[PDB]
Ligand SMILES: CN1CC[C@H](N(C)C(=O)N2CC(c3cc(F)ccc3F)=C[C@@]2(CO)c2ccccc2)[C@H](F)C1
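Okay, so here's just one chain, in structure tokens, the form deposited without the named molecule.
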């Protein structure tokens, strides 16, 4: 029911160290708290403390995030629930690193084995493991799209033609969802098939350089895995359930004064910030029990509508930087992520 919200603080990066930035973030997984020194060079004691469902410090390894957050989600999907996990936070704090991850040097590991692997590569591997172990008759279908400047583009369409803006419509046979017309939904039979498709897909997800992040996501990435399951019980009863998992890598809050974003990059930041703002208003509207929730004001919240206050089991991974340089941005991330904890969802099997 209640949306699960966890926070992950990444390690200081080079630029922060070279700028002699100091640490203003303390994570306490035990108490499940994140405290932020809000004082300034003046006050070095005053702290702002938030309590979440789970808190991951700078030493948190990919596998830790997965075992703690994803594994339980994965089983729910197998149960026939609709689930969503999305990474949220300031540009450069670890959303993409967390959702997709990277690859260790010299092929010392296969994708699934890699300690740098993110949530998505691990989940595609695990999905088949659990399904084969389950015994059900199953079919797996995947899709990947990015929301770029309020337009939708399929990232898995293999065609050579330039990608067209996909149109979105409410699902006729389901008032709790949308339909992306023309979106490719590729049937996959094992991790190898999925991995080939995934790396090519994630590779073309619009990424560009900004002073804050040389590898900044210029769009919100939405990777969906739909699983059709059909089994026959010992009672000769045939049950058909459908599970779905949305792994979302959002673009992140960006102060163009700091990112130095110009024209095209600035245009992207404008859309990114506006869409995230709309996400914040949706969250706030749900926590305040407001008569209206502004889902329709952005393609992001339309896609995430059922995930936010609907019949989807949702988990949020708020990513933050430990540097004193990002006090306002960090507080903003923690504040909205904290509010999200109070949103009540009504998950139900399909």
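Residue numbers count along the first chain shown, from 1. In this text, rigid core is short for the largest set of C-alphas that superpose within 1.5 Å between two forms.
Note that the form deposited with the named molecule bound isn't included here; everything after this is about it.
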property: Accessibility of shown form to the named molecule in the entry with it bound, site-C-alpha superposition, 2.4 Å backbone/C-beta rule; result: blocked
property: Site test, 78, 131 and 141 vs the named molecule in the entry with it bound, non-hydrogen atom cutoff 4.5 Å; result: no
property: Answer range among 229-237, 97-105, 68-76, 161-169 for contact with the named molecule, defined in the entry with it bound as heavy atoms within 4.5 Å; result: 97-105
property: Proximity of residue 153 to the named molecule in the entry with it bound, heavy atoms at 4.5 Å; result: no
property: Partner contact for residue 201 in the entry with it bound: the named molecule, 4.5 angstroms, heavy atom; result: yes
property: is_contact(residue 223, the named molecule) in the entry with it bound, heavy atom dist at most 4.5 Å; result: yes
property: 4.5 Å heavy atom contact, residue 83 to the named molecule in the entry with it bound; result: no
property: Contact residue in the entry with it bound, chosen from 127, 248, 147, 120 - any heavy atom within 4.5 Å of the named molecule; result: 120
property: Only residue that shifts (Cα, 2 Å or more, rigid core superposed) between the shown form and the other one, among 216, 123, 98, 246; result: 216
property: Core-superposed comparison between the shown form and the other one, residue 232 Cα displacement 2 Å or beyond; result: yes
property: C-alpha of residue 207 moved at least 2 Å between the shown form and the other one on rigid core; result: yes
property: Flag for residue 43, CA shift 2 Å or larger between the shown form and the other one after aligning core; result: yes
property: CA-CA separation of residue 153 and residue 162, closer or farther in the entry with it bound than in the form shown [shift of 3 angstroms or more]; result: closer
property: Cα-Cα shift for residue 319 and residue 213, closer or farther in the entry with it bound, minimum 3 Å; result: farther
